[PDB]
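This document opens with one chain alone, in structure tokens, the form deposited in one PDB entry.
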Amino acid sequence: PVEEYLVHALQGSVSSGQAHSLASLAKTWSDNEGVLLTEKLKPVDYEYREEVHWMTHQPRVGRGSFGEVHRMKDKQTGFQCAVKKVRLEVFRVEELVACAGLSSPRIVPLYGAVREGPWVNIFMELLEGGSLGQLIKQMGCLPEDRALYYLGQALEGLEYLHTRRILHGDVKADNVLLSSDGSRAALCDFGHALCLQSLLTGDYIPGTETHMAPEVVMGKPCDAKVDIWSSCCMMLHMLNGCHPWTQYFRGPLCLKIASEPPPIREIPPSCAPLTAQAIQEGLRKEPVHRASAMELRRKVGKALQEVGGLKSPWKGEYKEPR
């Protein structure tokens, strides 16, 4: 009843506020409005404006697929964090509604969101350890124990999301961000995020093709499990130093995912029995037979123990891809 009036109060201003306010306001985003969820990012006289109240680093780098994430500093508090720019016309509400209010070490925290013209600027914690995606290029591929250690942590994050009926929609090494020392990993980029109970309808944006599940490619309905398929495509990416299918095929990798059997052949034979079996559960074509996050996280935990826990260093010597 009063919801109408609360939305109006938030509009036209940037305020220090709370996740529930941000979600309400964000829904209006299909001149300077927004909510900041942390003390460290303060608006000034109802405003928070690029190059006035917050400065993007003048060296200027570009993280993310579209060079859309940047290092930034709030001019007054001097607090540093990251900003994802989303085009306003493309902006999907779920990216925040999923992300907002979430408290978990396996998820990158949201610090707020502010609209300014054709942009939505989404603020978040800065992780200086880079992406798992960068780690793989850097070190070619990863050792079995490291690989399991991280997949487990990704799976821990997916549990959290699925308990709240949220689908990440694009699980992939690029979207797993590491800490300074590399002991902790967290999921980021909820730009394909959905709420749960068909998939292919209208304003929906699809994930990475190589990491895409069969039910999605074909078009059957989808559940939490589509993330599980991706997470294991990512497992393989960590082990072999390249995405599945790419080594074996050139033209349209989608039709290959549907017709061909799961790419379990890409599991290096030198993996332990359980490591291989865990991945096999995760990549079963049919969601009903495929494992859930809870089931796979448990199996992955076991496989790590089975190879004597996390031995190998965080910056081991480069290993050759397959």
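The first residue of the shown sequence is 1; numbering continues from there. Shifts are known only where both forms have a C-alpha. What we label the rigid core is the largest C-alpha set whose atoms superpose within 1.5 Å from one form to the other.
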In at least one third of the other PDB entries compared, is residue 202 left unmodelled? yes
Zero if continuous, otherwise a range: how many residues of the deposited sequence are missing coordinates between residue 30 and residue 31 (none, 1 to 3, 4 to 9, 10 or more)? 10 or more
Report, from the record, the number of residues in the deposited sequence between residue 197 and residue 198 that have no coordinates, as none, 1 to 3, 4 to 9, or 10 or more. 4 to 9
Tell me which of 117 to 125 and 216 to 224 has the higher mean C-alpha B-factor in the deposited entry. 216 to 224
Identify the stretch, either 180 to 188 or 245 to 253, whose C-alpha atoms have the larger mean B-factor according to the entry. 245 to 253
Out of 153, 175, 201, 134, which shows the largest CA B-factor listed in the entry? 201
If you compare 205, 110, 232, 82, which has the highest Cα B-factor in the entry? 205
Where does residue 264 sit by CA temperature factor within its chain: lowest, middle or highest third? highest
Taking the entry's C-alpha B-factors for this chain, is residue 42 in the lowest, middle or highest third? middle
So where's residue 281 on the chain's Cα temperature factor ranking, which third? highest
Residue 169: which third of its chain by C-alpha temperature factor? middle
Relative C-alpha B-factor of residue 311, binned into the chain's lowest, middle or highest third: highest
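What comes next is about the form deposited in another entry, which is not displayed.
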Fix the rigid core, compare C-alpha positions between this form and the one not shown, and report which of 63, 284, 53, 40 shifts by 2 Å or more. 63
Would the C-alpha of residue 141 be classed as shifted by 2 Å or more between this form and the one not shown after rigid-core alignment? no
So with the core overlaid, does the Cα of residue 101 end up 2 Å or more away between this form and the one not shown? yes
Closer or farther: how do the CA atoms of residue 139 and residue 66 lie in the other entry, compared with the form shown, if the change is at least 3 Å? farther
Are residue 62 and residue 174 closer or farther apart at the Cα level in the other entry than shown, by 3 Å or more? closer
Return the sequence-ordered list of stretches, each of 3 or more consecutive shared residues, in which all C-alpha shifts are 2 angstroms or more between this form and the one not shown following rigid core superposition. 58 to 67, 99 to 101, 203 to 205
